[PDB]
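Asks: One structure, pasted below without further comment.
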Amino acid sequence: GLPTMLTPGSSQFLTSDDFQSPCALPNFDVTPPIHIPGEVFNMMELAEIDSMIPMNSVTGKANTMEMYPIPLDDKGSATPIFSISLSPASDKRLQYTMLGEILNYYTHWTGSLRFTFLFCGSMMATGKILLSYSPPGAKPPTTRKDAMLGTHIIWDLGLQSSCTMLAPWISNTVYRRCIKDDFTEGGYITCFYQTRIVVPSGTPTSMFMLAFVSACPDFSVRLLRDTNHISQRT
Amino acid sequence: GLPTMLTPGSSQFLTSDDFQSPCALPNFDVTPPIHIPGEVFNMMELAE
Amino acid sequence: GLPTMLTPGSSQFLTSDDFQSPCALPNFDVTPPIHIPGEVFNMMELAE
Amino acid sequence: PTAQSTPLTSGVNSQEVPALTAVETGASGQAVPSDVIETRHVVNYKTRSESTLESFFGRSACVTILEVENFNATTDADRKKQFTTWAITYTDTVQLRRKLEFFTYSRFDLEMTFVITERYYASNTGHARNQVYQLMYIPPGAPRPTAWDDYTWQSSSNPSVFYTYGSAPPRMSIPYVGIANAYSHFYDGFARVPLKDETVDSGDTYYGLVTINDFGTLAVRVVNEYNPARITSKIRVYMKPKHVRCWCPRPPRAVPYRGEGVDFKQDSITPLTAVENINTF
Amino acid sequence: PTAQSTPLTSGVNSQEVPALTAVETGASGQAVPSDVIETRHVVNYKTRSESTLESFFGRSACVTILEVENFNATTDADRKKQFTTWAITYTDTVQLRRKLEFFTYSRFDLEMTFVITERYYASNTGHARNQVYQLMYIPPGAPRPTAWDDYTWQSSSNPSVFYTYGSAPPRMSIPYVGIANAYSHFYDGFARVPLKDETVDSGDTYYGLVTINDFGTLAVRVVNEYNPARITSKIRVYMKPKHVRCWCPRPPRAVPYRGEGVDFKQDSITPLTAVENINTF
Amino acid sequence: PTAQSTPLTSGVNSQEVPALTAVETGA
Amino acid sequence: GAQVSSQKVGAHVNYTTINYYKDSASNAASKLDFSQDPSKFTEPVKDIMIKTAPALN
Amino acid sequence: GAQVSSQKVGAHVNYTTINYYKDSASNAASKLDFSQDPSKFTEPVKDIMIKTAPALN
Amino acid sequence: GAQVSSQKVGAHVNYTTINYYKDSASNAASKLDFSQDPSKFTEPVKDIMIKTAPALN
Amino acid sequence: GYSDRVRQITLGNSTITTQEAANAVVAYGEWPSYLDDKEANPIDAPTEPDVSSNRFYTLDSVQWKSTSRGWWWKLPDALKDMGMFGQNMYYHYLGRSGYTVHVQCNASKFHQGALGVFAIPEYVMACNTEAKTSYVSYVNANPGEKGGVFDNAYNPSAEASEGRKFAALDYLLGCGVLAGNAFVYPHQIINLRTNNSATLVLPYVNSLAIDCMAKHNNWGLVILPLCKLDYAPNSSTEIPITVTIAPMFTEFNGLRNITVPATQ
Ligand SMILES: CC(=O)N[C@H]1[C@H]([C@H](O)[C@H](O)CO)O[C@@](O)(C(=O)O)C[C@@H]1O
Ligand SMILES: CC(=O)N[C@H]1[C@H]([C@H](O)[C@H](O)CO)O[C@@](O)(C(=O)O)C[C@@H]1O
Ligand SMILES: [Ca+2]
Ligand SMILES: [Ca+2]
Ligand SMILES: [Ca+2]
Ligand SMILES: [Ca+2]
Ligand SMILES: [Ca+2]
Ligand SMILES: [Ca+2]
Ligand SMILES: [Ca+2]
Ligand SMILES: [Ca+2]
Ligand SMILES: [Ca+2]
Ligand SMILES: [Cl-]
Ligand SMILES: [Cl-]
Ligand SMILES: [Cl-]
Ligand SMILES: [Cl-]
Ligand SMILES: [Cl-]
Ligand SMILES: [Cl-]
Ligand SMILES: [Cl-]
Ligand SMILES: [Cl-]
Ligand SMILES: [Cl-]
Ligand SMILES: [Cl-]
Ligand SMILES: [Cl-]
Ligand SMILES: [Cl-]
Ligand SMILES: [Cl-]
Ligand SMILES: [Mg+2]
Ligand code: NA
Ligand code: NA
Ligand code: NA
């Protein structure tokens with residue numbers, strides 16, 4: 001025989017190995033392929049689809065359809081409308097979005113996050129809303145005058161129903177970790193009345209908006225891992 | 001020797017495998033073939 | 001199979017060996033390199 | 001091919017309003033940072049290599065644990081411990097199943113790997129010679145064994161692997177074997193149409209993929225006759241989809257499975273932990 | 001490429017004074033023998049091959065010793081002996097750590113090799129069948145096992161190696177996996193900025209690389225169920241940096257380590273042995 | 001080489017009768 | 001003396017064979033032979049039978 | 001019939017593949033496919049939507 | 001795709017490498033790199049210092 | 001002049017107009033089509049009924065209330081008793097179809113609310129007994145044009161025989177996934193301030209070229225109130241939702257006597 005010498009690794013089963021193996025059904029004639037709509041090539045294609053943030057997952061609304069709609073009214077309170085950390089894998093509200101679910105199969109993420117808001121009041125309701133992203137390392141914003149010092153957009157409610165706020169990729173590390181982590185903290189997303197919602201008479205004075213999250217084309221993930229979102233009894 | 005590393009499947013006997021093996025009767029002179037009527041190539045010929 | 005014959009050394013772990021081995025994280029996209037000051041190539045650079 | 005680079009952009013004062021849209025259309029938000037902030041040029045050298053379907057599925061996952069034993073069996077129950085049969089499925093475990101169920105349809109070849117372990121049942125019953133295992137794939141219709149040493153194990157046509165304890169985990173490839181043009185992960189239907197006034201039972205019939213799926217049976221035995229020492233074995237079955245295509249993405253499983261279907265369990269349908277307030281960082 | 005040859009030189013009587021310098025500049029002495037003595041020509045055929053970074057680091061070094069056992073566990077403490085978890089680090093041992101810490105930053109692929117050994121805990125409890133080990137790499141975020149036979153070991157996505165006792169030491173390569181452009185051997189900082197008047201504890205927080213480093217977890221089990229004979233195992237983990245680059249050289253560790261940081265121990269900070277006199281040959 | 005494809009055909013009204021045969025022939 | 005041949009198609013190229021043994025009996029399976037002539041069993045008649053014509057005229 | 005292809009870059013060239021088996025199902029992983037068209041899911045609209053234009057005109 | 005390179009000399013030629021794996025991380029040791037620039041550590045001075053000239057003029 | 005809001009759709013003898021649309025979705029970017037010879041399976045010359053069957057059928061309307069949890073239909077089940085489409089479906093073993101789905105819901109500039117309209121391939125739903133798995137009767141799975149409703153409570157049956165219906169739990173999309181992720185499916189939203197209609201054009205979707213329509217629904221149609229109906233002068237007001245669906249590029253194989261499914 002050809003003289004050979006076995007190296008370390010010999011006979012191991014590495015579950016991420018990539019070797020050939022003999023076919024149990026040789027000369028098998030596979031069913032011819034046909035075109036099927038909706039072919040997927042990359043999990044990041046799915047990450048670019050908007051899914052609803054369960055933004056109002058408070059006691060009595062968590063695990064109901066009422067966890068999604070963000071309460072709005074015509075009272076013009078100075079208190080924030082919602083506040084959430086840019087922790088898209090680990091946050092109690094972001095982790096169950098389509099993007100969150102994909103991120104929980106990976107260890108590392110990079111790129112820009114898109115937050116799209118749909119106003120679902122009456123056509124007769126007007127308003128201006130400030131949407132802010134504050135990169136980390138300063139007092140988390142709880143007032144409009146702190147929020148407006150960060151990355152922000154002033155949304156005018158009107159015929160165009162929806163407004164997109166970006167959390168642009170602003171990070172020390174080239175990747176953040178898909179866990180709660182001080183070192184790779186992402187910062188603070190907040191929302192304030194810029195003016196107030198105004199309605200005429202005979203119109204609902206309370207209403208909702210829906211918040212969606214998706215990945216931008218600059219977004220990628222690394223280091224495949226098991227998710228903490230599925231388990232079974234043994 | 002040439003450095004090698006055994007993969008999963010090593011030493012298994014898969015009954016549908018398709019490998020070479022040493023001949024127990026080397027240099028054996030098989031009986032010459034002759035034409036026999038009724039040669040079959042495919043079980044689907046019999047199905048027809 | 002290709003007839004082979006194992007030589008002395010077979011299955012040993014020599015800590016100064018220099019062999020290939022399968023990657024536990026196939027198709028992994030390493031962080032792009034950037035220029036960092038103070039690259040060292042040889043311990044004798046430090047000895048000088 | 002890399003993920004998107006960021007172009008150098010300054011401000012705008014314009015009738016062009018990329019920040020506004022209407023998601024009623026069924027389009028997701030499309031705006032990127034250069035649409036709503038001043039951006040520097042950043043060259044993106046990073047790739048989506050590890051989120052291709054081949055990369056996402058490129059792992060051997062445990063799909064079941066089988067048990068077989070080798071001892072002098074004197075009862076029907078003990079005779080049935082000398083071999084095991086398993087209807088081939090990915091629904092005994094949750095991890096690979098959940099990944100596949102991101103998709104409605106798939107097409108792949110399968111790498112199957114096995115990990116075989118033993119222990120002594122007792123001491124002071126002597127020892128056991130090294131055991132050989134037979135793992136026989138029984139396609140639908142082929143006769144199933146009723147004893148560890150019946151005629152079916154001669155396996156003239158069924159593929160069998162003979163594995164020697166202590167050898168490398170055995171492994172073989174299976175082609176895409178579906179009778180359709182893809183595997184269905186979900187089937188919204190039945191195996192037959194129940195017809196007006198027929199006498200056939202409609203009270204105990206099932207629904208979905210379980211009514212139509214059949215990938216055959218894995219039969220496992222220890223080939224050796226019994227030693228004085230009873231040996232108990234586990235066979236862990238691993239599947240890796242390779243040469244993968246998938247169609248029609250789905251929301252992933254959000255709550256525990258309770259069987260082969262999409263059914264959920266009344267005590268396990270509250271996946272979210274309630275936040276203290278809508279304003280909690 | 002060779003180390004420097006010596007040129008033929010005679011004496012000098014000159015305003016050229018290569019013997020004098022001013023190290024206040026931050027320049028080391030530069031003069032060579034031909035500057036200060038008469039030299040013959042010597043051709044130097046010798047090379048610095050074995051002091052390249054690849055040559056210096058081109059060794060598999062033991063970085064930890066793990067323990068696992070296989071027996072019928074009836075207590076929580078004994079159940080926890082059936083598997084082990086280890087946060088991946090080079091700080092459990094001193095030799096490879098000290099070599100890496102000649103540098104501030106590094107970039108390398110890793111060859112990991114394992115040496116697995118067993119002994120019988122006792123005689124007169126019979127024997128044990130040959131054991132298979134699972135070594136599972138759990139990246140940060142992936143679920144960690146709480147029992148040797150829980151669902152996590154199905155390892156659909158985590159890389160696992162199944163090792164059969166008595167086989168060649170198992171081995172695999174790991175890419176450069178750093179989330180920065182290099183590994184940091186030293187990090188003069190914190191994981192977060194503590195802010196004015198915040199209620200977050202500042203009394204029990206840590207400093208340096210330990211606050212930011214996470215290379216995940218190695219989980220090890222014996223896959224076999226228990227024999228009557230208890231078997232105890234050691235798993236020695238070996239690391240070899242390959243395809244090595246390093247930056248920013250440092251003085252090497254002069255005194256014993258006392259943990260993962262640069263801290264030193266009061267009874268072990270006197271590395272020099274005093275000489276009898278400044279004039280001792 | 002594949003199993004037989006099916007050609008596009010419509011109806012007939014013909015003295016050609018491929019539906020009838022005589023298996024007495026051994027065909 | 002490597003043979004490069006077409007593989008049987010799967011779900012979604014070529015393979016290489018080298019014979020290691022001096023006896024053809026040692027070789028792996030014969031290559032797929034799609035030869036067939038069902039007519040030697042299904043229609044072994046002396047006189048041609050045209051499907052569209054009467055079997056007996 | 002050796003294929004020479006680019007490796008995935010590490011910390012700091014090419015690799016060789018020979019297929020040993022007559023069935024493509026036996027082959028190692030498919031080569032990296034960077035194909036994508038997110039728009040079939042993110043923007044499956046009949047009428048083109050220009051980002052800078054109103055979504056509804 | 002065989003690389004033929006010079007061996008390190010012994011007491012008294014070439015060797016062949018084929019990469020078997022699709023990841024460069026799987027490869028054997030990097031080839032000997034004799035690169036060096038001690039001056040970045042031994043003489044990192046803004047203004048050139050000529051050995052034969054005074055260090056301070 | 002031309003607007004994303006104003007659309008005409010003509011199929012056969014039927015036309016739809018809308019003056020408050022929001023574009024139209026073509027599911028997975030693919031218009032329906034006939035089955036090509038290179039992808040065909042059954043070899044009999046197919047029936048292509050064209051205008052007799054490929055036309056708008058309007059289902060019974062449902063009432064949107066502040067308390068509504070949502071509605072579901074299956075296709076082709078919802079159209080099984082619709083004119084010549086139903087006859088062609090039941091006279092053949094095999095059928096394939098695309099669809100134009102037009103969901104209609106108008107209100108006023110003073111009403112508010114938002115409907116998610118989702119087309120779901122292989123819309124498999126949970127059963128309503130924990131004594132069994134996958135335990136749904138044909139009759140309960142195939143309600144026809146009346147479809148079904150979602151609930152915000154899961155109350156599985158004491159006895160297996162009483163739980164052979166879908167547990168259509170709204171926030172789990174009746175199938176153990178979070179409803180907020182339903183947007184990965186082809187969809188539009190009817191947001192009353194913006195639009196009064198949703199239009200989805202669906203190609204045939206299956207792992208086969210053609211299949212048994214009486215056994216197998218290719219698509220689910222889900223309408224979920226994402227934001228509840230509200231009207232200040234009367235919180236108890238109801239507004240109709242009307243579903244109008246046209247089969248497209250219908251093709252049938254395996255003609256025989258008519259299929260008459262069990263009704264109990
Ligand atoms: C599976 C199991 O628990 N086996 C145990 C047996 C059984 O209890 C037998 O019934 C009696 O041998 O008893 C032991 O004391 C023994 O034989 O040494 C320990 C052994 O681990
Ligand atoms: C780890 C260890 O020290 N094991 C020792 C055991 C233990 O003390 C048990 O408790 C009692 O068997 O005792 C021995 O006499 C034995 O069993 O033959 C020697 C053996 O080496
Ligand atoms: Ca060998
Ligand atoms: Ca726009
Ligand atoms: Ca800009
Ligand atoms: Ca036996
Ligand atoms: Ca000088
Ligand atoms: Ca001199
Ligand atoms: Ca164990
Ligand atoms: Ca005839
Ligand atoms: Ca027609
Ligand atoms: Cl291989
Ligand atoms: Cl709650
Ligand atoms: Cl061979
Ligand atoms: Cl090697
Ligand atoms: Cl075992
Ligand atoms: Cl036998
Ligand atoms: Cl099948
Ligand atoms: Cl909280
Ligand atoms: Cl030991
Ligand atoms: Cl397991
Ligand atoms: Cl890192
Ligand atoms: Cl001294
Ligand atoms: Cl009906
Ligand atoms: Mg009807
Ligand atoms: Na780029
Ligand atoms: Na020299
Ligand atoms: Na053909």
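Ordering of the structure tokens sets the chain letters (A, B, ...); residue numbers start at 1 within each chain; ligands are numbered from 1 in the order shown.
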Please list as a ChimeraX atom specification every residue within 7 Å of range 2-19 of chain F, counting only C-alpha atoms and excluding residues in the same chain fewer than 2 positions away.
Replies: /F:21 /G:51-53 /J:43
Asks: Can you spit out the residues from that selection as a CSV table (one decimal), in the first residue's frame, using N, CA, C and O atoms?
Replies:
```csv
chain,number,residue,atom,x,y,z
F,21,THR,N,-56.6,-5.3,-31.3
F,21,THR,CA,-55.4,-6.2,-31.7
F,21,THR,C,-55.9,-7.6,-31.6
F,21,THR,O,-57.1,-7.9,-31.5
G,51,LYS,N,-49.6,-1.0,-35.6
G,51,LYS,CA,-50.6,-0.7,-34.5
G,51,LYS,C,-52.0,-0.2,-35.1
G,51,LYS,O,-53.0,-0.7,-34.7
G,52,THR,N,-51.9,0.7,-36.1
G,52,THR,CA,-53.1,1.3,-36.7
G,52,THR,C,-53.8,0.3,-37.7
G,52,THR,O,-55.0,0.6,-38.0
G,53,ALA,N,-53.2,-0.7,-38.1
G,53,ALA,CA,-53.7,-1.7,-39.1
G,53,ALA,C,-54.4,-2.9,-38.3
G,53,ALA,O,-54.0,-3.1,-37.1
J,43,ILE,N,-50.6,13.4,-18.0
J,43,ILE,CA,-50.4,13.5,-19.5
J,43,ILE,C,-51.7,13.7,-20.3
J,43,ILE,O,-51.6,13.9,-21.5
```
Asks: So which residues touch range 11-25 of chain C within 9 Å, counting only C-alpha atoms, skipping near sequence neighbours fewer than 4 positions away, as a compact mmCIF listing (two decimals) with N, CA, C and O atoms, in the first residue's frame?
Replies:
```
# COMPACT_ATOMS: atom_id res chain seq x y z
N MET A 5 0.23 8.11 7.16
CA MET A 5 0.40 8.32 8.61
C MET A 5 -0.77 9.16 9.12
O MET A 5 -0.93 10.29 8.65
N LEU A 6 -1.56 8.61 10.05
CA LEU A 6 -2.77 9.29 10.56
C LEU A 6 -2.33 10.47 11.43
O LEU A 6 -1.39 10.32 12.25
N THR A 7 -3.02 11.60 11.27
CA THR A 7 -2.79 12.86 12.00
C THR A 7 -3.85 13.00 13.09
O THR A 7 -4.87 12.31 13.06
N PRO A 8 -3.65 13.92 14.05
CA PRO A 8 -4.71 14.29 14.98
C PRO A 8 -5.99 14.68 14.21
O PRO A 8 -5.90 15.19 13.09
N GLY A 9 -7.14 14.37 14.82
CA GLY A 9 -8.47 14.51 14.20
C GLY A 9 -8.98 13.19 13.66
O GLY A 9 -10.20 13.08 13.46
N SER A 10 -8.10 12.21 13.41
CA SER A 10 -8.47 10.93 12.76
C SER A 10 -9.60 10.25 13.54
O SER A 10 -9.46 10.10 14.77
N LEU A 14 -16.81 15.72 13.78
CA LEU A 14 -17.05 17.18 13.93
C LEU A 14 -18.35 17.50 13.18
O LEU A 14 -18.42 17.22 11.98
N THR A 15 -19.34 18.05 13.88
CA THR A 15 -20.71 18.23 13.32
C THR A 15 -20.74 19.34 12.26
O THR A 15 -21.73 19.40 11.52
N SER A 16 -19.69 20.17 12.19
CA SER A 16 -19.52 21.22 11.15
C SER A 16 -18.50 20.78 10.09
O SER A 16 -18.10 21.63 9.27
N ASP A 17 -18.13 19.49 10.05
CA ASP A 17 -17.22 18.96 9.00
C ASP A 17 -17.92 19.05 7.64
O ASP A 17 -19.14 19.31 7.58
N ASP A 18 -17.14 18.88 6.57
CA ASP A 18 -17.65 19.00 5.19
C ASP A 18 -16.91 18.00 4.31
O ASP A 18 -16.03 18.39 3.53
N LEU A 223 -21.15 33.65 12.84
CA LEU A 223 -20.90 32.65 13.90
C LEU A 223 -22.23 32.01 14.30
O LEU A 223 -22.86 32.41 15.31
N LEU A 224 -22.62 31.04 13.48
CA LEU A 224 -23.85 30.23 13.67
C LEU A 224 -23.85 29.66 15.09
O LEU A 224 -22.78 29.22 15.57
N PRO B 3 0.07 12.16 5.03
CA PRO B 3 -0.86 12.46 6.12
C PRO B 3 -2.32 12.37 5.64
O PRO B 3 -2.68 12.97 4.63
N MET B 5 -6.66 11.59 7.24
CA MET B 5 -7.56 11.75 8.40
C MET B 5 -8.88 11.04 8.10
O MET B 5 -9.54 11.43 7.12
N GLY E 58 4.79 28.02 16.76
CA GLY E 58 4.44 26.80 15.99
C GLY E 58 4.47 25.54 16.84
O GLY E 58 5.17 24.58 16.46
N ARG E 59 3.73 25.53 17.94
CA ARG E 59 3.70 24.42 18.92
C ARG E 59 2.29 24.32 19.50
O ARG E 59 1.68 25.37 19.76
N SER E 60 1.80 23.10 19.67
CA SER E 60 0.56 22.81 20.44
C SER E 60 0.90 22.84 21.93
O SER E 60 1.72 22.02 22.37
N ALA E 61 0.32 23.79 22.66
CA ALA E 61 0.55 24.00 24.11
C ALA E 61 -0.70 23.59 24.88
O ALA E 61 -1.79 23.96 24.45
N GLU E 111 -5.20 25.90 15.80
CA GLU E 111 -5.35 24.43 15.79
C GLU E 111 -5.61 24.00 17.23
O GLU E 111 -4.77 24.30 18.11
N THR E 113 -6.19 20.67 19.62
CA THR E 113 -5.98 19.21 19.75
C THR E 113 -6.37 18.82 21.17
O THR E 113 -6.26 19.67 22.07
N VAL E 115 -6.20 15.58 24.24
CA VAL E 115 -5.69 14.28 24.75
C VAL E 115 -6.64 13.83 25.85
O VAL E 115 -6.81 14.58 26.83
N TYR E 137 -18.60 22.88 21.13
CA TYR E 137 -18.29 24.33 21.20
C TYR E 137 -19.62 25.08 21.25
O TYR E 137 -20.40 24.99 20.30
N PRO E 159 -20.72 23.40 16.62
CA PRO E 159 -19.83 22.32 16.22
C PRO E 159 -19.58 21.39 17.42
O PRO E 159 -19.31 21.89 18.50
N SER E 160 -19.71 20.09 17.20
CA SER E 160 -19.35 19.03 18.18
C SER E 160 -18.32 18.11 17.53
O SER E 160 -18.40 17.89 16.30
N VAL E 161 -17.41 17.57 18.33
CA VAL E 161 -16.58 16.42 17.89
C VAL E 161 -16.92 15.23 18.78
O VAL E 161 -16.95 15.38 20.02
N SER E 167 -8.66 6.22 20.05
CA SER E 167 -8.40 6.77 18.70
C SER E 167 -7.38 7.90 18.80
O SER E 167 -7.12 8.40 19.93
N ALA E 168 -6.83 8.31 17.66
CA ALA E 168 -5.88 9.44 17.55
C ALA E 168 -6.48 10.65 18.26
O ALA E 168 -7.69 10.88 18.17
N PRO E 169 -5.67 11.43 19.00
CA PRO E 169 -6.13 12.71 19.56
C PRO E 169 -6.93 13.50 18.53
O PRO E 169 -6.48 13.68 17.40
N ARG E 171 -8.75 16.70 16.60
CA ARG E 171 -8.13 17.97 16.17
C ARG E 171 -9.04 18.70 15.19
O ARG E 171 -9.59 18.07 14.27
N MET E 172 -9.13 20.02 15.35
CA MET E 172 -9.81 20.88 14.35
C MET E 172 -9.17 22.26 14.36
O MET E 172 -8.51 22.64 15.36
N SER E 173 -9.36 22.97 13.25
CA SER E 173 -8.90 24.36 13.05
C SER E 173 -10.06 25.31 13.34
O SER E 173 -11.22 24.96 13.04
N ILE E 174 -9.74 26.45 13.94
CA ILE E 174 -10.68 27.57 14.22
C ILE E 174 -10.11 28.77 13.47
O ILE E 174 -8.93 29.06 13.60
N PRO E 175 -10.92 29.51 12.68
CA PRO E 175 -10.44 30.73 12.05
C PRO E 175 -10.11 31.79 13.11
O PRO E 175 -10.47 31.63 14.27
N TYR E 238 -5.29 21.52 23.91
CA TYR E 238 -4.05 22.07 23.31
C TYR E 238 -4.43 23.12 22.28
O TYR E 238 -5.40 22.92 21.53
N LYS E 240 -2.54 25.70 19.26
CA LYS E 240 -1.40 26.18 18.44
C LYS E 240 -1.90 27.35 17.60
O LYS E 240 -2.73 27.16 16.72
N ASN I 19 -3.55 21.53 -0.60
CA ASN I 19 -4.57 21.89 0.41
C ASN I 19 -5.81 21.04 0.17
O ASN I 19 -6.31 21.03 -0.97
N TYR I 20 -6.29 20.36 1.21
CA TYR I 20 -7.42 19.40 1.14
C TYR I 20 -8.74 20.06 1.54
O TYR I 20 -9.80 19.44 1.31
N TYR I 21 -8.70 21.24 2.16
CA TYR I 21 -9.86 21.87 2.83
C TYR I 21 -10.20 23.21 2.18
O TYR I 21 -9.31 23.89 1.64
N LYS I 22 -11.48 23.59 2.26
CA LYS I 22 -12.02 24.80 1.58
C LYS I 22 -11.76 26.06 2.42
O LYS I 22 -11.99 27.16 1.88
N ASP I 23 -11.32 25.92 3.67
CA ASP I 23 -11.03 27.06 4.59
C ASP I 23 -9.51 27.18 4.77
O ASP I 23 -8.89 26.17 5.15
N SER I 24 -8.94 28.36 4.53
CA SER I 24 -7.49 28.62 4.72
C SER I 24 -7.08 28.37 6.18
O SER I 24 -5.92 28.02 6.41
N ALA I 25 -8.01 28.52 7.14
CA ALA I 25 -7.74 28.24 8.57
C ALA I 25 -7.26 26.79 8.75
O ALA I 25 -6.48 26.54 9.69
N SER I 26 -7.69 25.87 7.88
CA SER I 26 -7.30 24.43 7.90
C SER I 26 -5.84 24.23 7.48
O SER I 26 -5.31 23.14 7.76
N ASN I 27 -5.23 25.20 6.81
CA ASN I 27 -3.88 25.04 6.20
C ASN I 27 -2.83 24.83 7.29
O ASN I 27 -3.02 25.28 8.45
N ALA I 28 -1.74 24.17 6.90
CA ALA I 28 -0.50 24.03 7.69
C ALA I 28 0.13 25.41 7.89
O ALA I 28 -0.41 26.41 7.38
N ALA I 29 1.24 25.47 8.62
CA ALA I 29 1.95 26.71 8.99
C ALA I 29 2.20 27.59 7.76
O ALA I 29 2.48 27.05 6.67
```
Asks: Any chance you could list, as a VMD selection string, the residues in chain C that come up strand (DSSP E) when DSSP is run on the backbone?
Replies: chain C and resid 4 to 6 39 to 40
Asks: For ligand 26, collect every residue having any atom at a distance of at most 7 Å from a ligand atom (counting only C-alpha atoms and all ligand atoms); output as a list in words.
Replies: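 Counting only what the definition allows, namely only C-alpha atoms and all ligand atoms, the set is residues 2, 3, 4, 5, 43, 44 and 45 of chain D.
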Asks: Which residues are near ligand 17 in this structure, taking near to mean any atom at most 8 Å from a ligand atom and counting only C-alpha atoms and all ligand atoms? Format them as a VMD selection string.
Replies: chain D and resid 149 to 155 223
Asks: Those same residues, written as a PDB file, in the first residue's frame with N, CA and C atoms?
Replies:
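To be explicit, this is the file written out as result16.pdb:
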```pdb
ATOM      1  N   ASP D 149     -33.197 -11.661  14.797  1.00  0.00           N
ATOM      2  CA  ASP D 149     -32.503 -12.677  13.961  1.00  0.00           C
ATOM      3  C   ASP D 149     -33.453 -13.268  12.909  1.00  0.00           C
ATOM      4  N   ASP D 150     -34.517 -12.561  12.519  1.00  0.00           N
ATOM      5  CA  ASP D 150     -35.424 -13.064  11.453  1.00  0.00           C
ATOM      6  C   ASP D 150     -34.781 -12.815  10.080  1.00  0.00           C
ATOM      7  N   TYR D 151     -35.448 -13.271   9.022  1.00  0.00           N
ATOM      8  CA  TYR D 151     -34.922 -13.296   7.633  1.00  0.00           C
ATOM      9  C   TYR D 151     -34.703 -11.876   7.086  1.00  0.00           C
ATOM     10  N   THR D 152     -35.395 -10.851   7.595  1.00  0.00           N
ATOM     11  CA  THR D 152     -35.380  -9.485   6.995  1.00  0.00           C
ATOM     12  C   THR D 152     -33.957  -8.909   7.019  1.00  0.00           C
ATOM     13  N   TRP D 153     -33.139  -9.291   8.002  1.00  0.00           N
ATOM     14  CA  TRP D 153     -31.789  -8.707   8.207  1.00  0.00           C
ATOM     15  C   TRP D 153     -30.808  -9.165   7.122  1.00  0.00           C
ATOM     16  N   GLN D 154     -31.148 -10.172   6.309  1.00  0.00           N
ATOM     17  CA  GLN D 154     -30.265 -10.592   5.190  1.00  0.00           C
ATOM     18  C   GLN D 154     -30.146  -9.432   4.185  1.00  0.00           C
ATOM     19  N   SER D 155     -31.128  -8.521   4.150  1.00  0.00           N
ATOM     20  CA  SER D 155     -31.028  -7.165   3.549  1.00  0.00           C
ATOM     21  C   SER D 155     -30.453  -7.242   2.126  1.00  0.00           C
ATOM     22  N   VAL D 223     -25.752  -7.551  16.087  1.00  0.00           N
ATOM     23  CA  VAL D 223     -25.630  -8.786  15.260  1.00  0.00           C
ATOM     24  C   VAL D 223     -25.175  -9.943  16.160  1.00  0.00           C
TER      25      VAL D 223
END
```
Asks: Give me, as a list in words, the residues of chain G touching chain A, with the criterion being at most 7 Å (counting only C-alpha atoms).
Replies: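 That gives the following set of residues: residues 8, 9, 10 and 11 of chain G.
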Asks: Write out as a list in words each polymer residue (protein, DNA or RNA) that has an atom no more than 9 Å from ligand 23, with only C-alpha atoms and all ligand atoms counted.
Replies: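 The distance check yields residues 273, 274, 275, 276, 277, 278, 279, 280 and 281 of chain E.
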Asks: Residues at most 10 Å from residue 1 in chain F, counting only C-alpha atoms, excluding those fewer than 3 positions away in the same chain, as a CSV table (one decimal) with N, CA, C and O atoms, in the first residue's frame?
Replies:
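Listed below is the output, selection09.csv:
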```csv
chain,number,residue,atom,x,y,z
F,4,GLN,N,-40.7,7.5,-22.1
F,4,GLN,CA,-41.4,8.1,-23.2
F,4,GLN,C,-42.2,9.4,-22.8
F,4,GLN,O,-42.9,9.3,-21.8
G,33,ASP,N,-26.4,1.3,-18.0
G,33,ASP,CA,-26.7,0.8,-19.4
G,33,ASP,C,-28.2,1.0,-19.6
G,33,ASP,O,-28.9,0.1,-19.1
G,34,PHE,N,-28.6,2.0,-20.4
G,34,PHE,CA,-30.0,2.3,-20.7
G,34,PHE,C,-30.5,1.5,-21.9
G,34,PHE,O,-31.7,1.7,-22.3
G,35,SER,N,-29.7,0.6,-22.5
G,35,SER,CA,-30.1,-0.4,-23.6
G,35,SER,C,-31.5,-1.0,-23.2
G,35,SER,O,-31.7,-1.4,-22.0
```
